[PDB]
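First comes the structure, then the notes that go with it.
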Amino acid sequence: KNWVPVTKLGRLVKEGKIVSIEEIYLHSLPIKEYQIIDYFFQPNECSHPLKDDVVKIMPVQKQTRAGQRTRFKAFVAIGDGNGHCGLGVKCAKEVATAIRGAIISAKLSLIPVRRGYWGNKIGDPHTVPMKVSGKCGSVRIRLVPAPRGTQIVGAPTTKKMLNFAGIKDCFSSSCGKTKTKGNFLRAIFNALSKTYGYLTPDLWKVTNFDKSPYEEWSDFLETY
Amino acid sequence: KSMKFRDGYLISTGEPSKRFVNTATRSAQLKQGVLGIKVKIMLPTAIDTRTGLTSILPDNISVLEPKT
Amino acid sequence: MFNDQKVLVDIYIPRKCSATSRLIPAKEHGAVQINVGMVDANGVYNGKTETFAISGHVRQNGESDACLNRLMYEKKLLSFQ
Amino acid sequence: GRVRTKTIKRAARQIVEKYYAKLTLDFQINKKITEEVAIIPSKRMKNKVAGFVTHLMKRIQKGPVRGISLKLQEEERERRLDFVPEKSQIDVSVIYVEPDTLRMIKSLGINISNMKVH
Amino acid sequence: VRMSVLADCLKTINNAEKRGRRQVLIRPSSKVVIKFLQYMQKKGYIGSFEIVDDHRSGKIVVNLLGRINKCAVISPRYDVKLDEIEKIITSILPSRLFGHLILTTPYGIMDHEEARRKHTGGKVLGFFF
Amino acid sequence: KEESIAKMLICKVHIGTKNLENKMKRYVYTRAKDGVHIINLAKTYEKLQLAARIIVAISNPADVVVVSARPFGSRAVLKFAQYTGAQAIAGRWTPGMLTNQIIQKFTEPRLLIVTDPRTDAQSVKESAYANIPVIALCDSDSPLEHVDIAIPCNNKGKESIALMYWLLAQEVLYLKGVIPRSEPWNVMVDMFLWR
Amino acid sequence: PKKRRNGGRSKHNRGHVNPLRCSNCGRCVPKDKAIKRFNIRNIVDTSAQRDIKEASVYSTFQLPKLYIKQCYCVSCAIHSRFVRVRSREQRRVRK
RNA sequence: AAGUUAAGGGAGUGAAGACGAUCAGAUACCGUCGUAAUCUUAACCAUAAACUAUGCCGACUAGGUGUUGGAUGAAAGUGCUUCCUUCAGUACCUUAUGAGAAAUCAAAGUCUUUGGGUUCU
RNA sequence: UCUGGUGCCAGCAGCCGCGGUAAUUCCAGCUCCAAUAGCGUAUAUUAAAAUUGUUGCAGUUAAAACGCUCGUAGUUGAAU
Ligand SMILES: [Mg+2]
Ligand SMILES: [Mg+2]
Ligand SMILES: [Mg+2]
Ligand SMILES: [Mg+2]
Ligand SMILES: [Mg+2]
Ligand SMILES: [Mg+2]
Ligand SMILES: [Mg+2]
Ligand SMILES: [Mg+2]
Ligand SMILES: [Mg+2]
Ligand SMILES: [Mg+2]
Ligand SMILES: [Mg+2]
Ligand SMILES: [Mg+2]
């Protein structure tokens, strides 16, 4: 859109200086504007667009001197269907503004998800690479790899999140108080986030560093 | 019950709140009672004066820029 | 990962800490990179550099100074460690 | 009480910043200047703004006033504090050191000809 | 009282590895520890190590490569048959593509794939991811 | 180099304090009979020179921020930013400068210099939220948390701070082509001294 | 929920401690829990102090002091305001 | 601790009991008396918020300030005191890509990456 | 959030609950939903239950470390 970038990353993304969103993942840079994520995922020049889903709305009260004081929390889960996933939450006075804020918050937390094989590797990886575990509050979750023809075997919320993430095959089990929706969602998200951090043997070899976009586009950003 | 819906900026007290605000009330007879309707619009900084001339707002002190 | 037809299927390859080899993930904001400039036998900086990467774990524990000292000593840039 | 709200003070501060060369230490002239420069529908608020302008102008004579950026003062202070001494105090003929400092320096193998303890 | 020297060694190695320590010291040593360390060495999970010779039970110092996720023992050394490897590996290992389960066998110490290749059972010692 | 260490001895940069702060053991030579810790002064030169090389590696000088909190370090930091092309703060630090993108003084840099990590705790805390390589100037009691390169000196004496910033600026200029070596920098200390 | 780490008194590596009696209300309290106060008072106020001075022989007289060493129980001590009620963080501040 | 049996002892305190007050009532809180008991010797009883509400043995993991008892090496003393190490006991402070539902915790850590030994519930 | 009747009654409802004139829950009419030559109810039993735990639970404050020590049977024991 016709939006005025506020950060250096926003300026570089507004121009065509950055080719893929995996370039900013590699350097562990923060993202402060949802317009970057909108720019990288458009209905044009993109094979798989994003999707949203309001998964829960719950009211909360504060109980001032003249009675209660209600408002609503909104949880949304965003997903690409291919290696990208996110989760957002927002509290507000009206439901519409809360869901808008949650949609914005989910986009800021989009992360890459790794995928693997059960048995022998063939085209199109289909499941988790190894067992991963996630924890939030008193809720613990565990995901394990499964063969090709299995579906997801889990609670409806797990199926929702894994379908957004792009995983087709998985077993699972859980422990704790999973009737709490927010902690269950956060535990699944934390388990998904751990995939690109495990250091399997095939990642042992050492490589040389690339150069950061700030250094590599210093002069063009100086011209401003 | 009552339901309120707001947007923007509005004033309540003083003499300006009677000049720059436009107000009406109506009622609708539904099958199970009466509902009251109450609308309030602040005009876009547009109000002639009692000594009629287009005024602005009794709350502003813009300072002009020196000529250069 | 390379499948049976020898095609890379990972969407990207993350970095490793130069001190502990700990595979920095995508949200670790306490990880940094240092570039040290080189001299040209006259005392003037040419266009070349050396690079190191440090993870947020060690940097939050407070051993970044000692680890960087050892790493730079390996590269003939310091006389001690 | 006679405390001045933030609207009055902000207007006065901007007026002082933008039109310093004209303003004086007399209330009537500053009232006329404030009539001409700014836009104030009521004469009462105009009187209060002009009064604070005059009060602020009086304070500036005594030194710096915080929140009002007047350049002439700034370059005057910069040229004051940029005085170059003709002799530096960094260089002296004899260095006096501790006994432990002298032992350290002798151990590190660096040579200084003018070191003396105590 | 010790009751086991393998468990203490593996626990110390695991604790040091979690901090990125680049070297660690193992106080009590034995032949079984040497064989376990050699098998970890053969898979490229650690570097070289020394054996310090006092006139008592010796001491070991090892070099670490920032590469081990976990190493532990199974305390009761259960007796495992050749056709029961599948359940144990399904329960214990994180994947079907990496990780090792260590049995002690009438033909020496070896992991589960080599045990299958040699057509032999044994008892369980431990594992490392 | 001999005259640099001679000037360092002219000031009191070699005397620290008590409170060894064990992570700074490798920089301390001995403890005197009065309890003061003596800094090596030979590692100080090498660390300063490495810091200068790291600083000059940065492509433009505007992506460098120098921070001081106490009154007796404002003149030195201002003049150091003047001779180089960096930005200085030298005063009250706003708690959300490096992380709040709506504030009026966001100013995200690439490298950050600290006069003292104990009093500049807020600035070094915010650096770990945005991948900023802090470089510091540490005494015998300074915490080395989120600090990448440490130069061992005393952060209290005004002349010591002035001398260290003067030395660092002179070395940075040498590493460029503004003046070749074998002739000293024409500007003098007492430009960097307080009051 | 264990509002105090030491349980309201300073006892470690012991089983039993002998009690004493409150100087105000007579209750029994263990010696390691009672609050102690030591007082160095004058016999009279300053006006009577000077009045005794010129009614005295020896031309150089000093009145004696009094030494008391009182001890109180919690209820009888914080009713007299030797000790007050503080906040959660301020409670930990000794001295 | 209380309580039971026998012989002593028996000042102060004082379950019971008797009064005097307060109160709408007061078999209570306050006050004046006062029996058993409390102390010693010889026997029973086996229970307490008998509490760190945290069983016992072994290993690993972090910085600082104290203190009680030994030993080692060095300076001011007018064969003693201070300082530096090290062993054993005992507290506190800060911090935790450590843990917990949290309060909090140097163990209540090294746990879905779950198995060092063992008893009780 | 369809119509008529009843009005803390009659009744419904495994559980939370509904029923005083506006009853989305009672009694009926219409319309929709599920399985379908099959579909409900009662009792017993398995999974759900990592709420019996070898794999695999908890014991400061939620239920739960014997008042403390000794001690036989049992279980477990450095390196070569
Ligand atoms: Mg008014
Ligand atoms: Mg007791
Ligand atoms: Mg008697
Ligand atoms: Mg009596
Ligand atoms: Mg009992
Ligand atoms: Mg108990
Ligand atoms: Mg488990
Ligand atoms: Mg059952
Ligand atoms: Mg069961
Ligand atoms: Mg089951
Ligand atoms: Mg249970
Ligand atoms: Mg006990």
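Order of the sequence lines sets the chain letters (A, B, ...), proteins ahead of strands, with each chain counted from 1. Values reported hereafter were calculated over all heavy atoms of this structure, with side chains retained and with hydrogens, waters and symmetry mates removed.
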- Where does RNA chain I pair, written as one dot-bracket string 5' to 3', with Watson-Crick or G-U pairs under 3.5 Å, ( ) inside the strand, [ ] for crossing pairs and | for another strand? .((((.....((....)).......))))....................|.......||||...|...............

- Base, sugar-phosphate alone, or nothing: which one does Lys27(C) contact when heavy atoms must sit under 4.0 Å apart? nothing

- Query: Which parts of residues 55-71 of chain C get close to RNA chain H, meaning a heavy atom less than 4.0 angstrom away?
  - Reply: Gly56(C), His57(C), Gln60(C)

- Note on the structure: Ranking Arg2(E) and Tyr78(E) by the position along RNA chain I of their nearest nucleotide, the one closer to 5' is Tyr78(E)

- Using the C1'-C2'-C3'-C4' torsion, classify the pucker of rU52(I) as north or south, with positive meaning north. south

- RNA chain H: 5'-proximal contact among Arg21(E) and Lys11(E) (nearest heavy atom): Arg21(E)

- Under 4.0 Å from any heavy atom of chain G: name the first and the last nucleotide of RNA chain H that qualifies, 5' to 3'. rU52(H) to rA106(H)

- Pick base, sugar-phosphate or nothing for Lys177(A), based on heavy-atom distances below 4.0 Å to the nucleic acid. nothing

- Hey, are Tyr72(G) and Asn24(G) close enough side-chain-wise for a donor-acceptor pair under 3.5 Å? no

- Item | Base pair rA18(H)/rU38(H) (Watson-Crick or G-U, both distances under 3.5 Å) | no

- Message: Please determine whether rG109(H) and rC60(H) constitute a Watson-Crick or G-U wobble pair, defined by two donor-acceptor distances each under 3.5 Å.
- Response: yes

- Query: For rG98(H) and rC105(H), do both pairing distances fall under 3.5 Å in a Watson-Crick or G-U wobble arrangement?
  - Reply: yes

- Taking the purine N1 to pyrimidine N3 distance and the second Watson-Crick contact, or the two G-U wobble contacts, each under 3.5 Å, tell whether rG17(H) pairs with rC33(H). yes

- Residue met sooner reading RNA chain H from 5', once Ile141(A) and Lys11(G) are mapped to nucleotides: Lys11(G)

- Message: To the nearest 0.5 Å, what is the distance between CD1 on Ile109(E) and NZ on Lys31(E)?
- Response: 11.0 Å

- A student applying the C1'-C2'-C3'-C4' rule, positive for north and negative for south, should call the sugar of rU27(H) south

- Message: I'd like to know whether NZ of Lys33(G) has more than 12 heavy-atom contacts from other residues, nucleotides or ligands below 6.0 angstrom.
- Response: no

- Message: Treating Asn131(F) as the side-chain partner and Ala31(C) as the backbone partner, does any N or O pair qualify as donor plus acceptor under 3.5 Å?
- Response: yes

- Would you find a donor on one side and an acceptor on the other, under 3.5 Å apart, between the side chain of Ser142(F) and the backbone of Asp139(F)? yes

- Taking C1'-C2'-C3'-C4' as the guide, is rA43(H) a north (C3'-endo side) or a south (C2'-endo side) sugar? north

- Taking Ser193(A) for its side chain and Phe189(A) for its backbone only, find out whether a donor-acceptor pair lies under 3.5 Å. yes

- Look only at the side chain of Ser123(F) and the backbone of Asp120(F), and say whether a donor-acceptor pair between them is shorter than 3.5 Å. yes

Anything under 3.5 Å between a protein N or O and an N or O of nucleotides 19-25 of chain I, put it in a table, one pair a line.
residue: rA22(I); atom: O4'; partner: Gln32(B); partner atom: NE2; Å: 3.4
residue: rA22(I); atom: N9; partner: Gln32(B); partner atom: NE2; Å: 3.3
residue: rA22(I); atom: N6; partner: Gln32(B); partner atom: OE1; Å: 3.4

- Note on the structure: Given the 90°-from-0 boundary between syn and anti, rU112(H) should be labelled syn

- Message: Under 4.0 Å, heavy atom to any atom of RNA chain I: which of residues 54-73 of chain E qualify?
- Response: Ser57(E)

- Message: Which residues in residues 122-134 of chain F have a heavy atom closer than 4.0 Å to any atom of RNA chain H?
- Response: none

- Syn/anti state for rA15(H) [syn: chi within 90° of 0]: syn

- Under 2.5 Å between the SG atoms of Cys25(G) and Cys76(G)? yes

